[PDB]
Every structure is written in structure tokens, then in C-alpha cells.
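One-letter residues, chain by chain:
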Amino acid sequence: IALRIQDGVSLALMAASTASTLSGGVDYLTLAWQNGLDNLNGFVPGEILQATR
Amino acid sequence: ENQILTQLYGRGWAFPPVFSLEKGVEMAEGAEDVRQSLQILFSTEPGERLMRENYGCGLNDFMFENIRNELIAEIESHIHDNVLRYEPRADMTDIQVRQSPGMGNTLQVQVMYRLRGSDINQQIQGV
Amino acid sequence: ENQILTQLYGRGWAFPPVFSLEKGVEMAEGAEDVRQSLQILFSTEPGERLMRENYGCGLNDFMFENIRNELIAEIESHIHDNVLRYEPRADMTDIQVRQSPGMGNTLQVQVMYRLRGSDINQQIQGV
Amino acid sequence: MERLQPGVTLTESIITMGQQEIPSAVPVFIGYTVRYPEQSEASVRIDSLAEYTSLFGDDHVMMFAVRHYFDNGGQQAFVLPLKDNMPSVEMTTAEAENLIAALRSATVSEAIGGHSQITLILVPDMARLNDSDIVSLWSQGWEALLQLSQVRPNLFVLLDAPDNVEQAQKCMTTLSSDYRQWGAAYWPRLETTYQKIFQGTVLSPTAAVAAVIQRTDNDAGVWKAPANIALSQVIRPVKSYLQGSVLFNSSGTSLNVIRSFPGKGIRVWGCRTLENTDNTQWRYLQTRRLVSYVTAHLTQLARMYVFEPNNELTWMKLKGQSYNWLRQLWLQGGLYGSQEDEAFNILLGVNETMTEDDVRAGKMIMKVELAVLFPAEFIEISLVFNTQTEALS
Amino acid sequence: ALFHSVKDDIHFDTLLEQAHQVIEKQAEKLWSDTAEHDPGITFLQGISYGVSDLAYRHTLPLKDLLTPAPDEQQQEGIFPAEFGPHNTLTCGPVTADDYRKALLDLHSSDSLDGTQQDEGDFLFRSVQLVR
């Protein structure tokens, strides 16, 4: 999955939206590890995240 | 305003979180925790709690829709199964939804609730 | 025109196979591989691939037949279950088949598709 | 790949989508274009962006409003271009007057008032003067726009508010037009996902709201309020939501705000016209658009028997056909009544509405009164405790 | 790869279970309602997510933690170029044997001038230093 962030949804909130179409969503740590996040809140709202399983 | 109802519902922080120099943080005791536990739920909307993603009454997703008997019956259904999930200590007993006589746009909901396990009136207002 | 969509769909050779002196063969990247993977399928007819015998859209086996509402509904059925077999990365979302206003014999099909797993618009045209 | 021989040859030309033709919600985009090639007509109808870019040029501020209008779900629109030159990167004060003087001109007032298909107008080029314009220049543009919606019956105007909060409160108070109920102002500029995701282009908000006005007209009719519906291609409002909490006034003029809900998208929040509530009935946007929907559909019934003998017969054919339509609108949930004499009423007789000279002058007088609904914008919980009335089984 | 072994431990669900056990032992009488409504837990859930945020930054790989920001860098990488194995393992020429290792190295292109930098063998085919 590729996801477009929008304005102050957290990583804890965005990793719950992956569970709609990923058969049990990715954890908010393992979502941050796959994208190579420097921080848990280190995403700009324009950035595209990727959620593989 | 007794110590018995504290043993059924516990002590927690009051929702206006005002801190005092004596006794620390103001504690909401037993019969008043369950009222304030309903005031927290109606005041937050789902998604803005940090990790508990679906916590809070979503009355925001149906407003700016016209007042009819089908919107009113959707509020009483939504406000009933939401207190069942996020309030185990308060059982609802009646919902009255009606639009106010003064201003026609606003409509006022009134939730009547009893506490579980106990039929003890509150003597007067307080905390 | 980012590196993220390459990770979902991969890099492949562009269907106009034009070779350059720098960077070798021109590579069709992630969002543009899936468009060109549809351009290869509509452009080949089944039987003229070498060992993959049944690969390609057979729109040749129903042409020179008269334009009616029964031919149009047979194109939208054929063009739907063919993209399902030979294009796993692009999901179809609408087919519009109509005959052109200028020349009455030719009819123009329009396939609207989204890519799977991603809702990311393309910014402007290119590659 | 033989393109002249008969076969299956793929082309790059984009053909049009099957239009649904929503009749009661269709916008004009009156702005500066770079090409201006159309030589037959005044204002032309576009259907897609790829049809627009061939027909009005590329890379301007009015294109990104059309491109964002076709992303949120709008399917047909008109474009009336201004004939003057396209402005600079920033708008100079000598040039920003040339736009508002072209909005008061009869060259753009005759194209709108002559076409009679458009139901709401909007300028996406008013947010171009949001930088380096200098406060009253915004109000000189709003008073031009609300006057432009007076040329013919069914017209509305969606209009841009200034991003600066002091400038917004001043232009709300110092407007002073007598036609304020035909407008609606949506405050923040949207940062869409078009280049120059890192620096998305800042955009007028009204191009997205005209698509969701058209989108809520398709399913829930004109009587439904266009607020609380998600916007497609936007990242964020460029101003914070908490900075604009003084824009809503329940007693004064209230300005519609675009909110960002976490987990729920970017949403329109508020359906209010520009209005100072001294017992006004056209307070909400949906009330002004419903009452102008029943004028523009009772004129289509009353046009059918102009030049008729004006006896007692052709009134009962008018009192019968309009009663049968208003009841058909009332039974769709449109008019706030428990019975039909509570929802609406019409009167037409020779001793009720008209005099004996008005029959001799040749006029019919029909008096349509109709009730409307309220949008439920505030909700108040009460939370009372009720073991008092359990009443010992 | 410190992240994959600690991944179950630096977590909101397991740091919160640590935090409830401090409350349930020490303040079980005065603070008896730890449900998801009260302001006491929501302050704690804000903090125990901030600690899970803070402890995630420790599990980044050590080459990416130790690099500074690109505005301020000493010229070569993580350890300075004086600290490479060419200077940390090698010792000075003190023996007659590594006098021979050093004198055998000298070469015509190492000269600062002359002979158009292409000609030349090493300067000495053998040397012998002795008392």
C-alpha cells in the first residue's frame, strides 16, 4: 500500500487506517521502520508512506 | 456524598483538571466519576485520542443536516450504542432529542442515566 | 514523479524500446510501467506472442460487425475480464464505448483505471 | 502499429465522460486565461481539463481551479474569460483595480445574464490579490460580485475571503451591500497536491465547494446543506483552524470555515450566507438556494400559459399545477410540515390577490408562501441523572 | 539491527502495562479508577507514547546516529581520517628492518619536481642500514 498523509494525522492514527485493507494493520513501529522514518512524527503532510506486509 | 459509592466506581481525576495546593489534584469520587466519565466522552470526537483511535462520540459526522424525524432517530440510536461501549458503569434509561424553542437550528439532546448496581439518589448538587 | 511508486510496480523497458547512449535502454518506472503495460496488451493480438499463445486483446475477432448496443456491451465485457487476467497491477474502474461524432464507422473505447494499493495522482504529463 | 489500415489503434486523444447534467448547480469560472482562442461565443461550456487545456491554454491560476473542480466531482462548468491581459506573478495595485472594474463591466454581465443555465458564479482569480495588494480593495471586489448576482433570478456567488485574520474581520464588518444573502465566503486557502507534495500550490477554496454543492444536489436535493463533506486533493488549509475561530459570529456576519478533522479529512464547516441577523430568513445557504429553486421551477410552470385568456379557468389550471408540484417537493422532505397546510399555501383568486383593474391590465398575481427547514449546526447534551423516577417497579 | 530484537519492548502497549503496575501498587486506594476516560491516564498515555517515540530513536543504526547534520561535518566520515587503520595499526620506523621497509618505498614520482611524473622505478632496489 502507498498512503498519502493529510495534516496532522499521527502515525498511531495512520497505521490504524492500514487495517482496512492489509488484514491486520502494520504496527506503528513497523510502519516507521519500513519507510525509514527518522522520527515517529518525522513526516511532512505531503509525504507518501508505504505499508507492506 | 458518601464513601460507599466510591467503592463501586473508584476515584479518578476530575475532567476540569484543576490542581490545588492542598490535596493535590481534585479527585472525582464515585457517583461523580460516572457523570464526568460521560462528559469526557461527549466532549471528545473519535480520532484525536492518541492511540485509542476510536474513542469519542461522533456527532460531528452528522451535523449540518436538516432536522427531521430521521435525523433525530439516528441520534438516539448512535448515542445509545456508544454509551454501551465506552461507559460500562452508567446505563442509559431515556434519550430525549428535540429542537429548542428559542433558536430553531440548534437541537438539544438529553441523556437520562442510572448507575449500575445501585439505586441511590444524590442528595443535593456538588462536585 | 517519485521513487515511491517504483517500489510498488517496478522498473521495466519502455514499450517504444528506444535505446540511448547514456543510461542504456529507457526504463519505464512505477506509475508509467502500468500504463505502458496496458498499451502493450491492447496492441498485441492473441497468437503472435511466441510461447505465451493466449496473450493479447482479441478485439480483432469482433470487428466488421455492425455498431449496435449488443456489440458495445460485448466490448465492455471482453475488455473487462482481459485486464483482469493480464494486468494484475491496474484495476479498471469504467469503460466508455461510443462511436465518434466525426466518422460514423469508427468507435472509440475509453478505459479508466486506477492502480492497485495506491491513490496518488500524477502531477503533470511525462515519460 | 499501422494507423490507417483497419484494426485496433490506440490514440492519445481523450474523449469525454458521460455527463449526468445536474441542472440546478453549474458554475462559471470568470478569470484571466492565457490563450483566449474562442471566437464564436461569449461563455463556453467545458467538460474535462484536457478539453479545457486545449481550449484555454495552460499554466495559470484559473486552470488549477478547474483542475481541482474536476477532481472533487464536478462534471460540467462554464468559463467566461476576461479579455484583458494576464497579470504578473504578484498583483500590483494599479492592476488589481483593472480586475474589479472588469467585474462591474457589462461585457461580463451580459454573458451571464443572457445564458440562463448557470445557477451559481465564482471568481477563482480573487485569491490572486492575496499578496502585495496594498483592506477595502477586497470589499470593492465583493460588492462588485454580489451586484453581479442581481442580473437574473437564479444566481449565487461563492467568493474568497482574505487569509489575514484582521483583514477578514474588517471586510466582514465594512461590506455594507444590500444584497448580502446571495454570497457565501469560505475562509482558508487550500494547499492542494499539485507541484510548485513538497510545495503544493496554494488554491482558492471555492472551486472545491462548487463541486460539492453539485455533489449534494445529485443525491439529497437542493434542500440539503453543502457543509460537512470531504475534499479530495487537498493537504491542509494554509492557515490554522484555531487562528480563525473569531471568523464565526452567531450575532454578526459569520464566515464559513474549512476545518481539518483528524482521521476524517478536510471538510467544509458552516453553511452561512453573509448576513447580519436582524430577524432575517435567508440566513443559511440552503434556504437561499431552496427558495430560489422554487422560483426558477415555478417560472417554468407559469411560462407555459402566458398569453392565455385570463378567465377563472386558467387560474385553476395554475393553482392546480403549482399545488401539485409543491406537494411533490414537500413529500421529499423539503418544506417542514406535518400536514400540507402547514408546509405551504398558494392563493390566486380575483378577490384574494388581484384587483379588478389587474385583470383589465392583464396580469395574474400568485402568492406562494412556503416554510423551510433548519440545518442543525449546534447540538447540546444535557446529561441528567434519573433514579428518581424508577418508581419502585 | 538493534531494532528487531527490542521491537516488542519499546512499544506503547508494553510501556503502558509498565505504567499501570506502578499505579496499581502504590496508589490503588487513592486512585482506583484507571479506565480510559479519566485525565490521569490520558496524560500518561501521552507520555508513554512520547517515551516510545524517544526510545525508537535509539534503535536507529549506528552509522546514522553517529553522523552529524550536513551543515557541520569534519571532512571525512564517522571516525576522522587520522584514526584509520593506516595510522592506528602502523608504527614508526625504528628497526633496521622497517628502515628497509621505508627506504624501499621511495619513488621517482614521489619527488616534487622533475622527470615528467611518468618515468622511474622505486629509488632503491635494496638498502641495508646497520650501526
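In the PDB archive, cryo-EM is given as the structure determination method for this entry, at a resolution of 3.5 Å.

For chain E, the PDB entry supplies the name Pvc12 and the organism Photorhabdus asymbiotica subsp. asymbiotica. As deposited in the PDB, this entry carries the title "Cryo-EM Structure of an Extracellular Contractile Injection System, baseplate in extended state, refined in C6 symmetry".

Chain B appears in the PDB entry as Pvc9 from Photorhabdus asymbiotica subsp. asymbiotica.

Student: Would you mind showing me how to read the overall build of chain B here?
Tutor: Regarding its fold elements, chain B presents 3 helices and 4 strands. Starting at the N terminus and walking to the C terminus, you meet the elements of chain B as α-β-β-α-α-β-β. The dimensions of chain B, computed from C-alpha atoms along their principal axes, are 50 × 35 × 30 Å. Burial analysis of chain B (127 residues in total) assigns 46% to the buried set. Considering only contacts in chain B between residues 6 or more positions apart, those separated by 24 or more positions represent 38%. For chain B, the accessible area works out to roughly 6800 Å², and carbon and sulfur atoms hold 50% of it.

Student: When you look at the overall build of chain E in this model, what are you seeing that I'm missing?
Tutor: Along its length, chain E carries 6 helices and 0 strands. Reading the secondary structure of chain E in the N-to-C direction produces α-α-α-α-α-α. Computed over its C-alpha atoms, the radius of gyration of chain E comes to 31 Å, more than 25% above the 14 Å expected for a compact globule of 131 residues. Each principal axis of the C-alpha distribution contributes one length, and for chain E these read about 90 × 35 × 20 Å. The 131 residues of chain E split such that 23% are buried. In the structure as shown, chain E presents an accessible area of about 10100 Å², 57% of it carried by carbon and sulfur atoms. Treating the 9 positive side-chain charges of chain E as one cloud and the 23 negative ones as another, the clouds have centres 11 Å apart.

Student: How do you make sense of the packing of helix α3 (residues 93-103) of chain D against helix α5 (residues 136-148) of chain D when you look at a structure like this?
Tutor: To describe two helices that pack against each other, one gives the angle between their axes and the distance between the axes. Residues and elements named next belong to chain D. Two elements in contact, α3 and α5, have axes whose closest approach is 9 Å; the angle formed by their N-to-C orientations is 15°. Our classification of the angle between α3 and α5 gives roughly parallel. The hand of the α3/α5 crossing is left-handed. From α3, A96, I100 and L103 reach across to α5, where they touch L137, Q140, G141, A144, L145 and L148. Of the residues that constitute the contact of α3 with α5, the class distribution is 7 nonpolar, 2 polar and no charged.

Student: Got a minute to help me understand the nonpolar core in this structure?
Tutor: Counting 89 residues, the largest nonpolar core has D:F29, D:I121 and D:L158 as its most contacted members. Considering each element in turn, this core owes the most residues, 7 residues, to helix α7 (residues 206-219) of chain D. Ignoring sequence-local partners within four residues, the contact set of D:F29 consists of D:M62, D:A65, D:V66, D:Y69, D:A77, D:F78, D:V79, D:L80, D:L122, D:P124 and D:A207. By size, the runner-up hydrophobic cluster in this structure holds 29 residues, among which are A:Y28, A:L29, A:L37 and A:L49.

Student: Is there a simple way to explain the interface of chain D and chain B in this structure?
Tutor: Many analyses report the size of an interface as the accessible area lost when the parts associate. At the junction of the two partners, chain D supplies 33 residues and chain B supplies 35 residues. Between chain D and chain B, the buried area comes to about 3300 Å², and carbon and sulfur atoms account for 58% of it. On the chain D side of the interface with chain B, the three residues burying the most area are D:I379, D:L383 and D:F385, jointly 22% of the side's total. Counting the contacts that link chain D with chain B gives 19 residue pairs in polar contact.

Student: I would appreciate a short explanation of empty space enclosed by the protein in the present structure.
Tutor: Leftover empty space is mapped by rolling, across the atoms, a probe with the size of a water molecule. Residues and elements named next belong to chain D. Taken as a whole, the largest cavity spans an internal volume of roughly 50 Å³. Lining the largest cavity we find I213, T216, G221, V222, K224, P226, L285, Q286 and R289. For the lining of the largest cavity, the secondary-structure elements that each account for two or more residues are α7 and α8 (285-295). No other element matches the 3 residues that α8 contributes to the lining of the largest cavity. Each residue belonging to the lining of the largest cavity can be placed in one class, and the counts come to 4 nonpolar, 3 polar and 2 charged.

Student: Would you mind showing me how to read the pattern of salt bridges here?
Tutor: Two side chains bearing opposite charge may form a pair once their charged atoms approach each other closely. Evaluation of the coordinates by the stated rule reveals 13 salt bridges over all chains. For D:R236, the salt bridge identified is with D:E191, shortest N-O distance 2.8 Å. Taking relative accessible area as the criterion, D:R236 reaches 30% and is therefore assigned partly exposed. Using a relative accessible area of 11% as the deciding quantity, one classes D:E191 as buried. Put simply, E:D53 and E:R57 hold a salt bridge, and the shortest N to O gap is 3.9 Å. Given a relative accessible area of 37%, E:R57 falls into the partly exposed group.

Definitions and cut-offs
- Residues numbered from 1 in each chain as written, not as in the entry; some residues may be left out.
- Chains lettered and ligands numbered in written order.
- Part of a larger assembly, values for the part shown.
- Heavy atoms only, no water.
- Helix = DSSP H or I, 4+ residues; strand = E, 2+ residues; numbered from the N terminus.
- Buried < 20%, exposed > 50% of the residue type's maximum accessible area, 1.4 Å probe, protein only.
- Contact = heavy atoms within 4.5 Å.
- Areas by Shrake-Rupley, 256 points an atom, 1.4 Å probe, with all protein chains shown as cover.
- Rg over C-alpha atoms; globule rule 2.2 N^0.38 Å.
- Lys, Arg positive; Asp, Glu negative; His and termini not counted.
- Charge placed at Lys NZ, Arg CZ, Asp CG, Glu CD.
- Axes fitted to C-alpha atoms, helices over the stretch in contact; angles between N-to-C directions.
- Parallel < 35°, antiparallel > 145°, perpendicular 65-115°, else oblique.
- Left-handed = near helix turned anticlockwise from the far one by under 90°.
- Nonpolar A, V, L, I, M, F, W, Y, C, P; charged D, E, K, R; others polar.
- Core = buried A, V, L, I, M, F, W, Y, C linked by side-chain atoms within 4.5 Å.
- Buried area = accessible area lost by both parts, 1.4 Å probe.
- Polar contact = N/O pair within 3.5 Å; in protein donor to acceptor, adjacent residues only side chain to side chain.
- 1 Å grid on protein atoms, 1.4 Å probe; cavity = no way out; pocket = protein on both sides within 12 Å on 5 of 7 lines; lining within 4 Å.
- Points joined across faces, edges and corners; volume = space filled by probe spheres on them.
- Salt bridge = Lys/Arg side-chain N within 4 Å of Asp/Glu carboxyl O.

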